[PDB]
Structures are given as C-alpha cells and as structure tokens.
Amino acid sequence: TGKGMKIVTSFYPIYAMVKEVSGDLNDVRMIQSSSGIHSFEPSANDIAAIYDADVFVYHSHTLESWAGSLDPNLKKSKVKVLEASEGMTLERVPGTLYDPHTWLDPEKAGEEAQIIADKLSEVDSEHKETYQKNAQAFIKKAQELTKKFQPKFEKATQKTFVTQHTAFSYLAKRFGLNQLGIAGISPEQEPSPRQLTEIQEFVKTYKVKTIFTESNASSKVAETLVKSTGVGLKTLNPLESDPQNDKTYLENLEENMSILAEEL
C-alpha cells in the first residue's frame, strides 16, 4: 500500500507505543486536541475524526471513559476500537476506582505494547511480522530498563517521594519505593487543606527534600508547599503530555527514571 492504516490515538503513551509497534507502516496520529487526559472530553470534531479513522486506540475504560459508548456500528463507521490495556489487571485506588497509571512501570508498558501488536495484527493480518517484532524489541529494552534501575533504587537513600498527582504508584511499587501524590489519580482531585496539612508533615516525617511537579502548570498547590514548610522543587514527567523532543517512549520513561533515582 501507499498510505498505511489511518490510526487515531488518545494520548501520548498510546501515540508512542502504536508508533513504535508500527515502525513506518501506518498513518498514526494523536487526538491532539490538547488539555489533559484525566479531564478531557472529545469535541464533536474528534469524535467524527475517530469515526473517520480506520483504527482508534485508547489506554483503558478506567481512563478514557468516553470510548466505551463510541458507537461505530450505528454512526455508520468501520473503526476498530482498541483498548490497549484490555485484560491488564489494575490496582484499586487505596484504602470502584482503579489506578490507570500502568504505562510508567517498565514491565507494564511492555505488556501493553504486546496487546497493541496482537490487536493490530488481528486487524491488519498481513503485517503481523512487523508488529510482533517491534513490540518484541520494545519489551526487551523495557526489561533492560528495569534491570539497569533495580540496583539504583535498591541502594535507596530512603524510599519516599512526593509528586504533583498520584501517577507513579506502579513505578514506585516495582522499585520498593513508596510515593505520595499531592492530588489523587487525576489532577483535579486536589487536597482539602486538611490533606494538605497531612502531606505537609509527611514531607517532614519521611524527611523529603524535593516535591516533584510537572510543567503542566496547574499545581500552584505544589509550588505553595515549598512556599510553606520545607524546601525544594523538581519536575517529573508522568508522560500524560508529550515532551515532544525526539526521544523514544522508553527513552523518556528512562529520563524521568534518572531524575527520581538521582534524587538519592
């Protein structure tokens, strides 16, 4: 063919992971309206752009809540709608609600790459070879990232970190670390400020030096935490936006894995 399969994609970890699985094969574009995956709701335009694509790929029913309820066979469409984490077992929001933030655990990015290739290679049978090997490398350089880093986080310099929202729960757990998010699983679940007072002392108790913000401006509520008791601000990417740059997906995961481990 002289085109490829037109493929729409919810947000970055998906963008990057379909693109890595496809290599040079398909027309992979991202819903790229822009805003923030947790609170984002597709315009009539994006909806029509989905129904217009050959393939649409999202992360999970627990994140992109519109997606279930996309109705191609009714709205006269022929999209393959693909939930890339389908089957993947998600941890419950602690103590109904589940943490979607898989992609940040190198192993789990790996498993999601696979699912992608599988579903892609049933939909576009010819290119099964290209998908399964692109994914295969991916999972391989992911298992290697886990290996490079397991010792880093072993040597500790103690455990705990605090991030702008609750995104690193899966990373942290794969590495013996424990995290605290200023916000809940989504950035719009902001503290209280009774919660703010607790997290304030958590910084003290567990003796934490850097609060990790994002660019993604909407945490003054973090800024104002150096700007209270304690000190120290550094930015840590949950990969919900794309940084663009050139870097691969795993290259960006690794880069923020640097930052976090270097902080010890």
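Residues carry their position along the shown sequence, with the first being 1.
Colleague: Indicate whether the chain is continuous between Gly95 and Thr96 or, if not, how many deposited residues are absent from the coordinates: none, 1 to 3, 4 to 9, or 10 or more.
Modeller: The entry leaves 10 or more residues without coordinates here.
Colleague: Of 6-14 and 252-260, which one has the bigger average CA B-factor?
Modeller: The entry gives the higher C-alpha B-factor average to 252-260.
Colleague: Taking only the CA atoms, which stretch has the higher mean B-factor in the record, 219-227 or 41-49?
Modeller: Averaging CA B-factors over each stretch, the winner is 219-227.
Colleague: What's the residue among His101, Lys119, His165, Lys75 with the greatest CA temperature factor in the PDB record?
Modeller: Going by the entry's C-alpha B-factors, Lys75 comes out highest.
Colleague: Per the coordinate record, which of the options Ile185, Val81, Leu180, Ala156 holds the highest CA temperature factor?
Modeller: Most elevated C-alpha B-factor of the set, per the entry: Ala156.
Colleague: Which third of the chain holds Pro151 when residues are ordered by C-alpha B factor: lowest, middle or highest?
Modeller: According to the entry, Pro151 has a C-alpha B-factor in the chain's highest third.
Colleague: Which third, lowest, middle or highest, does the C-alpha temperature factor of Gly232 belong to within its own chain?
Modeller: Its C-alpha B-factor belongs to the highest third of this chain's values.
Colleague: Would you please rank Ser65 by its C-alpha temperature factor against the other modelled residues of its chain and give the third it falls in: lowest, middle or highest?
Modeller: It falls in the bottom third of the chain.
Colleague: Compared with the other modelled residues in the chain, in which third is the CA B-factor of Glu107?
Modeller: CA B-factor rank for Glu107: lowest third.
Colleague: Using the temperature factors of the C-alpha atoms in this entry, rank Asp71 within its chain: lowest, middle or highest third.
Modeller: Ranked within chain, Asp71 CA B lands in the highest tercile.
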